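Engineer: Just dropping this structure here.
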Amino acid sequence: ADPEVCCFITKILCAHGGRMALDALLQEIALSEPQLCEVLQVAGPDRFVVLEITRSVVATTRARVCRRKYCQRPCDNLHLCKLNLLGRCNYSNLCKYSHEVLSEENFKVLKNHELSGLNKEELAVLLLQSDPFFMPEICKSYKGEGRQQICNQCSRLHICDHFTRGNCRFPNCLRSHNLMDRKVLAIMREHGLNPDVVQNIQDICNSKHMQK
Ligand SMILES: [Zn+2]
Ligand SMILES: [Zn+2]
Ligand SMILES: [Zn+2]
Ligand SMILES: [Zn+2]
C-alpha cells in the first residue's frame, strides 16, 4: 500500500539482482514476517512476485520502454536506449534512442509507476526481467512442439510469444513456456541475460499466466 515502503522493497530487491529470499529481505527492510507479507500482498503481483517452505520475492513492474524507432510525443512509456541502459551502446554517428536514463520525461513515467526513487542501475535490473522488449527475438514461424518443422529454417527463440507478454489464452498450450531450457538459456546468455535473470522472467511470466 505505502508507495515509500514499496519503492524501498523494489530498491533492496534490485540491489540483490531482482530476487531475495524472504528471510534476507526481512533483515534489510526491518519489518516482521506478516507485516512485510501485508505490504507485498497489498502491492500485488504487478510489483512483487512471491514464490515457495522456502519463500523468495521477485521484483517486477508494469513500466515499459517504448518500442517505436521514432515516437511522436506525448507517450506514456519510457524512452531510452536499451543497449546504453545495459552499458553496451557501441553506436553513440548518434544513437536514435536516449542515453539519458533518468531524463525529465522518464522521471515523470517513473512517478506514475511509483519508481521515481530508483537510480539507473536498479532500473536496469527491474526492466531486464520485467519488460519483454529486453528479450531476444521470438521465431515468428514457430507454432508448437509436436510438428513437422519447429520453424521455417534459425537463431531466434522457439517459445510462446503470448506467454512472455502475460496473455497466453491456451491452458494446455503446446508452444513452450519453459525459458529454463538449455537451448533458450544459450540464446538468452548471448543476448546478455544470465540464468538468474531468466529464472526471474520465468517466475514473473508464470505468475502472469496463473492470474489470466
Ligand atoms: Zn513513445
Ligand atoms: Zn544507444
Ligand atoms: Zn526459428
Ligand atoms: Zn502459450
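We did not get these values from a lab; they are worked out from the coordinates using the rules stated. As a convention, Cβ positions derive from the backbone with ideal geometry for all residues, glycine included, and neighbour counts pool all protein chains shown.
Engineer: Select from region 159-189 the residues that are of a type in the set (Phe, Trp, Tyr) and surrounded by fewer than 17 Cβ atoms within 10 Å (Cβ to Cβ) and list them in ascending order.
Structural biologist: Correct list: 170 only.
Engineer: Working carefully through the options 169, 88, find the one that is of a type in the set (D, E, K, R), farther than 30 Å from residue 11 by Cα and more than 16 Å from ligand 3 (Cβ to nearest atom).
Structural biologist: After applying the criteria, what remains is 169.
Engineer: Considering (1) within 11 Å of ligand 1 (Cβ to nearest atom); (2) touching a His at 6+ places or on another chain (Cβ under 6 Å), say which one residue 84 fails and leave the rest.
Structural biologist: (1)
Engineer: Still on this structure, I have one more. Using the structure shown, decide if residue 115 is crowded, with 17+ Cβ neighbours inside 10 Å, within 21 Å of residue 47 (Cβ to Cβ) and within 16 Å of ligand 1 (Cβ to nearest atom).
Structural biologist: No; evaluated as a whole, the condition is false for this residue.
Engineer: Then there is this: Based on this model, can you work out whether residue 59 counts as of a type outside the set (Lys, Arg) and out of contact with any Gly (no Cβ under 8 Å at 6 or more places or on another chain)?
Structural biologist: When the stated conditions are applied, residue 59 does not pass them.
Engineer: Also: Please find, within region 51-67, the residue that is nearest to ligand 2 (Cβ to nearest atom) out of those that are more than 16 Å from residue 122 (Cβ to Cβ) and out of contact with any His (no Cβ under 9 Å at 6 or more places or on another chain).
Structural biologist: Going through the qualifying residues, I end up with 67.
Engineer: If a residue must be closer than 26 Å to residue 46 by Cβ and either more than 16 Å from ligand 2 (Cβ to nearest atom) or surrounded by 14 or more Cβ atoms within 10 Å (Cβ to Cβ) (or both), how many such residues does region 68-96 contain?
Structural biologist: 12
Engineer: Residues in region 32-39: is at least one within 17 Å of the chain's Cα centre (by Cα) and either more than 16 Å from ligand 4 (Cβ to nearest atom) or small (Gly, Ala, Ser) (or both)?
Structural biologist: No, the conditions are met nowhere in region 32-39.
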